[PDB]
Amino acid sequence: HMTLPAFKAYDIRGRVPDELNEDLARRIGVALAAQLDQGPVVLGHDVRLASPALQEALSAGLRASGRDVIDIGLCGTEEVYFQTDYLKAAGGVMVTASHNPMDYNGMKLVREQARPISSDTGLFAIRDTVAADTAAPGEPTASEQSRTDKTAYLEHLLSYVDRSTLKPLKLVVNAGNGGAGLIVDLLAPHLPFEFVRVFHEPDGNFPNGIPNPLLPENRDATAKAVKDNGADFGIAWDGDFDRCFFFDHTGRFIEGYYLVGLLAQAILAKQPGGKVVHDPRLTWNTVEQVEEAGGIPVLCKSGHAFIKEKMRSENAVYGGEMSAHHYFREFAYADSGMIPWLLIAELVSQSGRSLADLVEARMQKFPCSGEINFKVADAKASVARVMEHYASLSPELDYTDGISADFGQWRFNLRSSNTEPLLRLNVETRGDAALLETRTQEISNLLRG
């Protein structure tokens, strides 16, 4: 190691204790106080066993540096965003391991208005300060307040729907033993739905596996609950529930791409003429649904930091990525795993259409490969092999995010990830499932060549 490995492009992410530990966390608290504007700092943590001790150590460093700390307790990542913005805090840290293994933990850090702190926007500056900090730990000169009250947060979630138009839908909810079920249970007295709770209790030992609804084994536990109970649809979250995943009444998991266009229609029904931000991986369906609903689609590099700053600069009401991230202007421009399914339940209620029928024609019109990852020996040479092969067809190329190639009736995007050393492929066609398969396989053989 020449730099601390735990400092990634968007967050802190490491194995405990050799990459992340209480001493590093206290130092991160100290260094964070130097980076922020004036004001207190919001702290919350996910269900992982070692997360509270990491939070305390962060608090001690912050308070040794004269920063008041607001402990919002066990929460979702979105509650740190919301409370940071709502309480007008100088910043906030969520202690969350996402879905890294049991010996891993991490942190996501924000400044004022829950604006992200990323490698090029202060995270590496913090890393460097932490790397050179051999000062003795100081003693606390500021106080910690514990603010468990979620009333403003819950009231804010409910303001996105017209509760008198909601029908008593039967919804499977799968927290994966993460944190989402505690918010579900607080929302439920204000909602008419019948909840079928699966893997509902928070448990950092994760008896049913680490929360990841994308893994087919975890996917199926929600699907089975929906089919067996005749639920209208199902929702599963990751551990810190800033990501949500939808299953229609047939148990079929809905590919995240189609939720962007769906949520944009939902939002644009109340906010006419608004702008919608989306990523370049999959586009054609979103552009059409947004335009069809009176909205303005705004193409943006994928990544939550790019999406957010593009949303701010354009006053976009909603931003959506195909990878289960949905951002809402009214929500500090931050992502939420809760707003999306409230908006979907409202849409099903008002329209009388199943979730399946709301997306069926879209999925037939713009079939997509899903995101396919490639670990190759030479990413640059592999990309070149793909572009060389297709050059004679003269595709329209865009480099907003890696390479986007539009051939008319099909297109692809091919990116390197900013969180993993991989190539990520996405293909879509204009209503052609055969073309989608032959092109996807063609590109795959090229990448694996």
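Heads up: residue numbers just count along the shown sequence, starting at 1. By rigid core we mean the largest C-alpha set that fits within 1.5 Å across both forms.
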(message) I'd like to know which segment deviates more from the shown structure in 6 other deposited structures of this protein: 94 to 102 or 276 to 284, using C-alpha RMS over all structures and residues after a core fit.
(response) 94 to 102
(request) Output the stretch, either 420 to 428 or 35 to 43, that has more C-alpha displacement from this form in 6 other deposited structures of this protein following superposition by the rigid core. (result) 420 to 428
(request) Determine, for stretches 328 to 336 and 77 to 85, which one has the higher mean CA B-factor as deposited. (result) 328 to 336
(message) Quick check: 99 to 107 versus 197 to 205, which has the larger average CA B-factor in the record?
(response) 99 to 107
(request) Name the one of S302, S369, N174, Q145 with the greatest CA B-factor according to the PDB entry. (result) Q145
(message) Per the entry's Cα B factor values, which of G320, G178, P192, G273 stands out as the maximum?
(response) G273
(request) Consider only the C-alpha atoms of the modelled residues in this chain, order them by B-factor as the entry records it, and name the third containing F412: lowest, middle or highest. (result) lowest
(request) Taking the chain's C-alpha temperature factors as the reference, tell me which third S351 falls into: lowest, middle or highest. (result) highest
(request) Check where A9 lands among this chain's C-alpha B-factors and tell me if it's the lowest, middle or highest third. (result) highest
(request) Ordered by C-alpha B-factor within the chain, which third holds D432? Give me lowest, middle or highest, please. (result) middle
(request) Just say lowest, middle or highest third for the CA B-factor of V93 relative to the other modelled residues in its chain. (result) lowest
